[PDB]
Amino acid sequence: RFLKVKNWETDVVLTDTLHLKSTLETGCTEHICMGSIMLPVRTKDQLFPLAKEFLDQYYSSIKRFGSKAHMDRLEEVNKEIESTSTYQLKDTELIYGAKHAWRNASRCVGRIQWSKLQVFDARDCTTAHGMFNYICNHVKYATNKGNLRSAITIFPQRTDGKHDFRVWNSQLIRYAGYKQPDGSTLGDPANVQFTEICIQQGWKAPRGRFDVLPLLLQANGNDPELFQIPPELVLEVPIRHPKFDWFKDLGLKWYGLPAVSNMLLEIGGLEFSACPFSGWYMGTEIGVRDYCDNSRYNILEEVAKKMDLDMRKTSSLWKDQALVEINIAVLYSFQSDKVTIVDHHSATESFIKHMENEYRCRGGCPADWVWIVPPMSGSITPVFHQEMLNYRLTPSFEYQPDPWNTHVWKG
Amino acid sequence: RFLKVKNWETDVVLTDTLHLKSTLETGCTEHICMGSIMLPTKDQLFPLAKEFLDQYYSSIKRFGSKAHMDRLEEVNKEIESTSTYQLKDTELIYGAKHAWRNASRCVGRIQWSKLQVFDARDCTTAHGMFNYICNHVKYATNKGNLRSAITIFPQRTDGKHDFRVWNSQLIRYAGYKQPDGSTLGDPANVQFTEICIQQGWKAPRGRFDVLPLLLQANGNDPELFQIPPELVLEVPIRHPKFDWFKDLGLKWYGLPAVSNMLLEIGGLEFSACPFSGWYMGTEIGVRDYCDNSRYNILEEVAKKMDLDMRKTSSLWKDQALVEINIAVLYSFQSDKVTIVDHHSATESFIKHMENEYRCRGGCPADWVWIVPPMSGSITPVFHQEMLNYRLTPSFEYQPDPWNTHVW
Ligand code: HEM
Ligand code: HEM
Ligand SMILES: N=C(Nc1cccc(-c2cccc(NC(=N)c3cccs3)c2)c1)c1cccs1
Ligand SMILES: N=C(Nc1cccc(-c2cccc(NC(=N)c3cccs3)c2)c1)c1cccs1
Ligand SMILES: C[C@H](O)[C@H](O)[C@H]1CNc2nc(N)[nH]c(=O)c2N1
Ligand SMILES: C[C@H](O)[C@H](O)[C@H]1CNc2nc(N)[nH]c(=O)c2N1
Ligand SMILES: [Zn+2]
């Protein structure tokens, strides 16, 4: 079966056939679309089909499908599953696996960059202290003094689900949040719950607006341990505006390295429960969501006040006006300090080109419109006008429950 | 079965049971989501009639009453004989209101029950249709104080005798491709603007030339009519701060009135059913003015603003876009023409969704269409999970008449 998507601005039509190699479910049916829903151990039994399908993809990509080397690898994985109830990926398979999970990430606008991903194999790690060391090297290599490079670090896979490696942090670098007894929050409201855990585990909190959280690291199913990232490794950017001199006096800064550490990497049925990956920021992630979400730093009010906007009625578009100024500020600050960043116009245009290229080379590009369209200025970016097909391919990144909800405390 | 939707900004969770009364299909399967795609007999008829009458008598608290059964019997006999049936006035009014209530792509549904229905089922000619349309326009415009309305022409019979309004909206501006090479007026209407000329319209050849109506009664060739200009309320666009703005020479019409959709009530198809309400500001300022394939004036406005257009990262398109939208809202409001801003409308829609969850057990909603085309995440709808599904009565798309009608 063939499927077409149309671009309503340019009238380009593309044909998707890749959706035919699609495994997992969407959440939708014939009678319901769950397109806007945010969230819609294995036996040998289910493991060998997933192993084989992965190895068939792998051996196609290297043009060795059906070769002696292909068949022996199959037989060897087969034996290893039936013998040990699991198996080990080679280096090369791991690398290809990790690239493809990224390539298959339908909610990622940054995928033009998928083939350049530094993969660090941390599958020999056994302790939290080891995890800390791998992460520090990740952060240093990725940061690269402002010239950001994509990378992922991959810790040992799940086995019985009782020995999991987890990074309790949702991102490697993120600011604390402290709910005050008057109901207001100091610092980032998103991170209040995690911050408390940290305090519980023995972190002495500076209790300021921009405190980098400590790493909370679980190895081999053990209780997690606190570690401070060395501040010399945390690249940060003070926020100023190119025309508004009072902007700096708002006291804002942000970190340069976005590094997501709570997702699950699935490759050939194996589950990598700690696989922090990092790239660089699209400006609107900071200036729209991080600063302007009502449930975040929410600075729209203060910025609007200082711009002396008419705030007495929403139809003045004072929110809209302040939001753009803040986003101009974020891009200006990052560029002036030479820290890699991409604006939403440039990021969405690159993605359109990637997507077409993917239809040509691969037969499709799965994509989630709800996520790919930027949280401001939607229709003046080319993605808004692009029809997109959403389906799940493996390898992939998946959500997993928060570890504090599932962890069995050894004490 | 029972499905939850969460608002991620407020944590509010709603349970949806209304989707289990879903009748039509979405485009999606277990394996592909088509959420972003723009366009995904006597036998057929009686179930359809029954399902609709069942909901009607239920809404008026008379489900399973003599009057209910008696009507079911009546429609059955008329179907058995005539191979169609006629709706009673009360059912017609109910069908139309509910078609609006069920429009998952419509952010303005808080108002769904305040809908004026004009029964035009006794119409027989394009001249008749013209008169009904002028009355609809005048009623709805109401000197700037806009009122929702729909006018319903006769239902399809054998699909040989169709009533259609060829215009996609009652009031749109003309589009002419110029010897130079580009486009004069509205590029969306270029092809239609030429079909009107190929039919005999004498175009004033300006930018904002209100198109002539092209009306088809009973499957006949369609006919041209000019809407009396005094019926077409327009707004000169100016900025509350930038005096040069008016120099661009922009105006827009006050009355949005969609005229190409098909209204489906109890299996009956009303292929001409123009309906109108009022604008959300972003429809003109973001889409009509700034879309690349529309009036595309962003570049022009940015210039007059002396913005740095050297690099996309100055967000000059974004800055301009906001001022344009401030100007639309300001002009309409100054002139006492009804308009709603995207902040207000989305807040209203959240309020509506909540009403429908408790009073009805859900509310079909298409997130891709409900989130405004600018400032998405600063409106409450952005953080709202929505379930999308198709209930009847409904509005549907239909092929463009000119690809179907035989001359
Ligand atoms: C290289 C620079 C990159 C840019 C500018 C970029 C951009 C983005 C943006 C803007 C989002 C939406 C985020 C949100 O709203 O929370 C996203 C989502 C995603 N990205 Fe990329 N990305 C980049 C690199 C990567 C890399 C290296 C990976 C993994 C190797 C990745 C995997 C994903 C995944 C899994 C999601 C979805 C998260 C979720 O479902 O919650 N991204 N990316
Ligand atoms: C009262 C003021 C109203 C406002 C502010 C409003 C707002 C909107 C908006 C912004 C859209 C998306 C339009 C687009 O991007 O093209 C929309 C779509 C829709 N509206 Fe409402 N609306 C209103 C009244 C009505 C009425 C009276 C009806 C019918 C009785 C209706 C039925 C629909 C339908 C069927 C669609 C989408 C059609 C499609 O699937 O393409 N609306 N409306
Ligand atoms: N808030 C969520 N996700 C979330 C929260 C915070 C950050 C991110 C995220 C994910 C991937 C990429 C990005 N942004 C980036 N530019 C990168 C991070 C790592 C490499 S690129 C952010 C995603 C949720 C998902 C499902 C329910 S909530
Ligand atoms: N853009 C489309 N349709 C379209 C074009 C122009 C206008 C509208 C539309 C529909 C309903 C409401 C509105 N806006 C309004 N405020 C109203 C119109 C009538 C009552 S309210 C616009 C819809 C398409 C759908 C599928 C392919 S193109
Ligand atoms: C491809 C995509 O679905 C298309 O551009 C949609 C997106 N969302 C929209 N939303 C509204 N309200 N109106 C539209 O015309 C569109 N266009
Ligand atoms: C309910 C809805 O799916 C949710 O708020 C989504 C909408 N689109 C998004 N898009 C991106 N990139 N990131 C997000 O967190 C969200 N949130
Ligand atoms: Zn879907």
# chains A, B, ... in the order shown; residues from 1 in each chain; ligands from 1
>>> residues_near_ligand(ligand="ligand 1", cutoff="9 Å", atoms="only C-alpha atoms and all ligand atoms", output="ChimeraX atom specification")
/A:38-39,98-114,116-118,148-152,258-260,263-265,276-285,289,341-344,347,371-372,374-375,396-399
>>> residues_near_ligand(ligand="ligand 4", cutoff="8 Å", atoms="only C-alpha atoms and all ligand atoms", output="JSON, numbers by chain")
{"B": [38, 39, 106, 108, 148, 168, 169, 255, 256, 257, 258, 275, 276, 277, 278, 279, 280, 283, 397]}
>>> residues_around(residues="residue 80 (chain A)", least_positions_apart="4", cutoff="12 Å", atoms="only C-alpha atoms", output="PyMOL selection string")
chain A and resi 44+47-48+51+73-76+84-89
>>> residues_around(residues="region 251-254 of chain B", least_positions_apart="6", cutoff="8 Å", atoms="only C-alpha atoms", output="PyMOL selection string")
chain B and resi 141+144+171-172+208+232-237+278-279+284+332+337-338
>>> closest_residue(among="B:184, B:33, B:165, B:211", to="chain A", atoms="only C-alpha atoms")
B:33
>>> closest_atom_pairs(of="chain B", to="chain A", cutoff="7 Å", atoms="only C-alpha atoms", output="JSON lines")
{"residue": "B:9", "atom": "CA", "partner": "A:295", "partner_atom": "CA", "distance": 6.2}
{"residue": "B:22", "atom": "CA", "partner": "A:31", "partner_atom": "CA", "distance": 6.5}
{"residue": "B:24", "atom": "CA", "partner": "A:31", "partner_atom": "CA", "distance": 6.9}
{"residue": "B:25", "atom": "CA", "partner": "A:31", "partner_atom": "CA", "distance": 5.1}
{"residue": "B:26", "atom": "CA", "partner": "A:30", "partner_atom": "CA", "distance": 5.6}
{"residue": "B:27", "atom": "CA", "partner": "A:30", "partner_atom": "CA", "distance": 6.5}
{"residue": "B:28", "atom": "CA", "partner": "A:30", "partner_atom": "CA", "distance": 5.4}
{"residue": "B:29", "atom": "CA", "partner": "A:29", "partner_atom": "CA", "distance": 4.4}
{"residue": "B:30", "atom": "CA", "partner": "A:29", "partner_atom": "CA", "distance": 5.1}
{"residue": "B:31", "atom": "CA", "partner": "A:25", "partner_atom": "CA", "distance": 5.3}
{"residue": "B:32", "atom": "CA", "partner": "A:391", "partner_atom": "CA", "distance": 5.0}
{"residue": "B:33", "atom": "CA", "partner": "A:390", "partner_atom": "CA", "distance": 4.9}
{"residue": "B:34", "atom": "CA", "partner": "A:389", "partner_atom": "CA", "distance": 5.9}
{"residue": "B:35", "atom": "CA", "partner": "A:35", "partner_atom": "CA", "distance": 5.5}
{"residue": "B:36", "atom": "CA", "partner": "A:387", "partner_atom": "CA", "distance": 5.4}
{"residue": "B:37", "atom": "CA", "partner": "A:387", "partner_atom": "CA", "distance": 5.3}
{"residue": "B:291", "atom": "CA", "partner": "A:380", "partner_atom": "CA", "distance": 6.8}
{"residue": "B:293", "atom": "CA", "partner": "A:9", "partner_atom": "CA", "distance": 6.2}
{"residue": "B:312", "atom": "CA", "partner": "A:345", "partner_atom": "CA", "distance": 6.5}
{"residue": "B:313", "atom": "CA", "partner": "A:343", "partner_atom": "CA", "distance": 5.7}
{"residue": "B:314", "atom": "CA", "partner": "A:328", "partner_atom": "CA", "distance": 6.2}
{"residue": "B:315", "atom": "CA", "partner": "A:328", "partner_atom": "CA", "distance": 6.4}
{"residue": "B:318", "atom": "CA", "partner": "A:377", "partner_atom": "CA", "distance": 6.4}
{"residue": "B:319", "atom": "CA", "partner": "A:324", "partner_atom": "CA", "distance": 6.6}
{"residue": "B:322", "atom": "CA", "partner": "A:321", "partner_atom": "CA", "distance": 6.6}
{"residue": "B:326", "atom": "CA", "partner": "A:316", "partner_atom": "CA", "distance": 6.2}
{"residue": "B:329", "atom": "CA", "partner": "A:315", "partner_atom": "CA", "distance": 6.8}
{"residue": "B:341", "atom": "CA", "partner": "A:315", "partner_atom": "CA", "distance": 5.7}
{"residue": "B:343", "atom": "CA", "partner": "A:314", "partner_atom": "CA", "distance": 6.5}
{"residue": "B:367", "atom": "CA", "partner": "A:36", "partner_atom": "CA", "distance": 6.3}
{"residue": "B:368", "atom": "CA", "partner": "A:370", "partner_atom": "CA", "distance": 6.6}
{"residue": "B:373", "atom": "CA", "partner": "A:378", "partner_atom": "CA", "distance": 4.9}
{"residue": "B:374", "atom": "CA", "partner": "A:377", "partner_atom": "CA", "distance": 4.3}
{"residue": "B:375", "atom": "CA", "partner": "A:376", "partner_atom": "CA", "distance": 4.4}
{"residue": "B:376", "atom": "CA", "partner": "A:375", "partner_atom": "CA", "distance": 5.1}
{"residue": "B:377", "atom": "CA", "partner": "A:375", "partner_atom": "CA", "distance": 5.0}
{"residue": "B:378", "atom": "CA", "partner": "A:293", "partner_atom": "CA", "distance": 6.7}
{"residue": "B:385", "atom": "CA", "partner": "A:37", "partner_atom": "CA", "distance": 5.3}
{"residue": "B:386", "atom": "CA", "partner": "A:36", "partner_atom": "CA", "distance": 6.0}
{"residue": "B:387", "atom": "CA", "partner": "A:34", "partner_atom": "CA", "distance": 5.7}
{"residue": "B:388", "atom": "CA", "partner": "A:33", "partner_atom": "CA", "distance": 5.1}
{"residue": "B:389", "atom": "CA", "partner": "A:32", "partner_atom": "CA", "distance": 5.1}
>>> write_last_selection(atoms="N, CA and C atoms", output="CSV table (one decimal), in the first residue's frame")
chain,number,residue,atom,x,y,z
B,9,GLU,N,-0.9,21.9,31.7
B,9,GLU,CA,-0.7,23.2,32.3
B,9,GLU,C,-1.4,23.3,33.7
B,22,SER,N,-19.3,7.2,18.3
B,22,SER,CA,-18.7,7.7,17.1
B,22,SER,C,-19.2,6.8,15.9
B,24,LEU,N,-18.7,7.7,12.1
B,24,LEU,CA,-17.8,7.7,10.9
B,24,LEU,C,-16.3,7.4,11.3
B,25,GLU,N,-15.4,7.4,10.3
B,25,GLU,CA,-14.0,7.0,10.5
B,25,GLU,C,-13.0,8.2,10.4
B,26,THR,N,-11.9,8.1,11.1
B,26,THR,CA,-10.9,9.2,11.3
B,26,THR,C,-9.8,9.4,10.2
B,27,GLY,N,-9.5,8.3,9.4
B,27,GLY,CA,-8.3,8.3,8.6
B,27,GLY,C,-7.2,7.5,9.2
B,28,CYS,N,-7.2,7.4,10.6
B,28,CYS,CA,-6.1,6.7,11.3
B,28,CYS,C,-6.4,5.2,11.5
B,29,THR,N,-5.3,4.4,11.7
B,29,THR,CA,-5.4,3.0,12.1
B,29,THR,C,-4.5,2.8,13.3
B,30,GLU,N,-4.5,1.5,13.8
B,30,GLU,CA,-3.5,1.2,14.9
B,30,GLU,C,-2.1,1.5,14.5
B,31,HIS,N,-1.8,1.6,13.2
B,31,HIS,CA,-0.4,1.6,12.7
B,31,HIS,C,0.0,2.9,12.1
B,32,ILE,N,-1.0,3.8,11.7
B,32,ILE,CA,-0.7,5.1,11.2
B,32,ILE,C,-1.6,6.2,11.7
B,33,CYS,N,-1.0,7.3,12.2
B,33,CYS,CA,-1.8,8.4,12.5
B,33,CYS,C,-1.8,9.4,11.4
B,34,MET,N,-3.0,9.8,11.0
B,34,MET,CA,-3.3,10.8,10.0
B,34,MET,C,-3.9,12.1,10.5
B,35,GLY,N,-3.6,12.4,11.8
B,35,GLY,CA,-4.0,13.6,12.5
B,35,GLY,C,-3.7,14.9,11.7
B,36,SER,N,-2.7,14.9,10.9
B,36,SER,CA,-2.3,16.1,10.2
B,36,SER,C,-2.8,16.3,8.8
B,37,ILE,N,-3.5,15.3,8.3
B,37,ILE,CA,-4.0,15.3,6.9
B,37,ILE,C,-5.2,16.1,6.8
B,291,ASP,N,0.3,34.2,4.9
B,291,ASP,CA,0.6,33.0,4.2
B,291,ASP,C,1.3,33.4,2.9
B,293,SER,N,1.3,31.8,0.0
B,293,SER,CA,0.4,31.7,-1.1
B,293,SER,C,-0.9,32.5,-1.0
B,312,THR,N,17.3,35.2,9.6
B,312,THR,CA,16.0,34.7,10.2
B,312,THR,C,16.0,34.9,11.7
B,313,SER,N,17.1,34.8,12.3
B,313,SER,CA,17.3,34.8,13.8
B,313,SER,C,17.0,36.1,14.5
B,314,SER,N,16.9,37.2,13.7
B,314,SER,CA,16.4,38.5,14.3
B,314,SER,C,14.8,38.4,14.6
B,315,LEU,N,14.2,37.3,14.2
B,315,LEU,CA,12.8,37.1,14.3
B,315,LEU,C,12.0,38.3,13.7
B,318,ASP,N,8.5,37.2,12.8
B,318,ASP,CA,7.7,37.1,14.0
B,318,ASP,C,7.2,38.4,14.5
B,319,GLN,N,8.1,39.5,14.5
B,319,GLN,CA,7.8,40.8,15.0
B,319,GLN,C,6.7,41.5,14.2
B,322,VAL,N,3.1,39.9,14.7
B,322,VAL,CA,2.4,40.3,15.8
B,322,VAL,C,1.7,41.7,15.6
B,326,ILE,N,-2.1,42.8,15.8
B,326,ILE,CA,-2.6,43.9,16.7
B,326,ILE,C,-3.5,44.8,15.9
B,329,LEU,N,-7.2,43.3,14.9
B,329,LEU,CA,-8.0,43.4,16.1
B,329,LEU,C,-8.4,44.9,16.4
B,341,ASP,N,-10.1,37.6,19.7
B,341,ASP,CA,-8.7,37.3,19.6
B,341,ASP,C,-8.4,35.8,20.0
B,343,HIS,N,-6.5,34.5,22.1
B,343,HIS,CA,-6.4,34.3,23.5
B,343,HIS,C,-7.8,34.0,24.1
B,367,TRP,N,-6.8,18.9,17.6
B,367,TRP,CA,-5.8,19.8,18.1
B,367,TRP,C,-5.1,20.6,17.0
B,368,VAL,N,-4.7,19.9,15.9
B,368,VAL,CA,-4.1,20.5,14.8
B,368,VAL,C,-4.8,21.8,14.3
B,373,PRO,N,-2.6,29.7,14.7
B,373,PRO,CA,-1.4,29.6,13.9
B,373,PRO,C,-0.2,30.5,14.3
B,374,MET,N,-0.4,31.2,15.4
B,374,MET,CA,0.7,31.9,16.1
B,374,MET,C,0.5,31.8,17.6
B,375,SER,N,1.6,32.0,18.4
B,375,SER,CA,1.5,32.0,19.8
B,375,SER,C,0.9,30.8,20.4
B,376,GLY,N,1.0,29.6,19.7
B,376,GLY,CA,0.4,28.4,20.2
B,376,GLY,C,0.5,28.1,21.7
B,377,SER,N,1.7,28.0,22.2
B,377,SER,CA,1.9,27.6,23.6
B,377,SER,C,1.6,28.6,24.7
B,378,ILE,N,1.3,29.8,24.3
B,378,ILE,CA,0.8,30.8,25.3
B,378,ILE,C,-0.8,30.9,25.4
B,385,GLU,N,-4.7,18.0,25.9
B,385,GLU,CA,-4.9,16.8,25.1
B,385,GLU,C,-6.4,16.8,24.6
B,386,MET,N,-6.6,16.4,23.3
B,386,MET,CA,-7.9,16.4,22.7
B,386,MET,C,-8.0,15.0,22.0
B,387,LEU,N,-9.3,14.5,22.0
B,387,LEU,CA,-9.6,13.3,21.3
B,387,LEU,C,-10.4,13.7,20.1
B,388,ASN,N,-10.0,13.2,18.9
B,388,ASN,CA,-10.7,13.5,17.7
B,388,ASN,C,-11.5,12.3,17.1
B,389,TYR,N,-12.8,12.6,16.9
B,389,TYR,CA,-13.7,11.5,16.3
B,389,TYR,C,-14.9,12.2,15.7
>>> select_by_dssp(residues="region 186-264 of chain B", states="strand (DSSP E or B)", output="PyMOL selection string")
chain B and resi 210+213-216+223-225+234-236+251-253+257-258+262-264
>>> write_last_selection(atoms="C-alpha atoms", output="CSV table (one decimal), in the first residue's frame")
chain,number,residue,atom,x,y,z
B,210,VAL,CA,-15.6,41.4,-3.8
B,213,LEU,CA,-21.9,34.9,-6.3
B,214,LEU,CA,-22.2,31.9,-8.6
B,215,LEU,CA,-25.3,29.9,-7.8
B,216,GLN,CA,-26.6,26.5,-8.9
B,223,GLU,CA,-25.6,32.0,-12.5
B,224,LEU,CA,-23.8,35.2,-11.5
B,225,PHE,CA,-25.1,37.8,-9.0
B,234,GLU,CA,-15.7,46.0,5.3
B,235,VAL,CA,-13.0,47.2,7.7
B,236,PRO,CA,-10.1,49.5,6.7
B,251,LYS,CA,-9.1,46.1,4.2
B,252,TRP,CA,-10.9,43.0,5.1
B,253,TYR,CA,-14.6,42.0,5.2
B,257,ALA,CA,-19.4,32.7,5.7
B,258,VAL,CA,-18.4,29.2,4.5
B,262,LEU,CA,-22.2,19.6,3.0
B,263,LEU,CA,-24.4,19.3,6.0
B,264,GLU,CA,-25.4,15.7,6.9
>>> atom_distance(atom1="atom 35 (C, counted along the ligand's line) of ligand 2", atom2="CA of residue 105 (chain B)")
6.9 Å
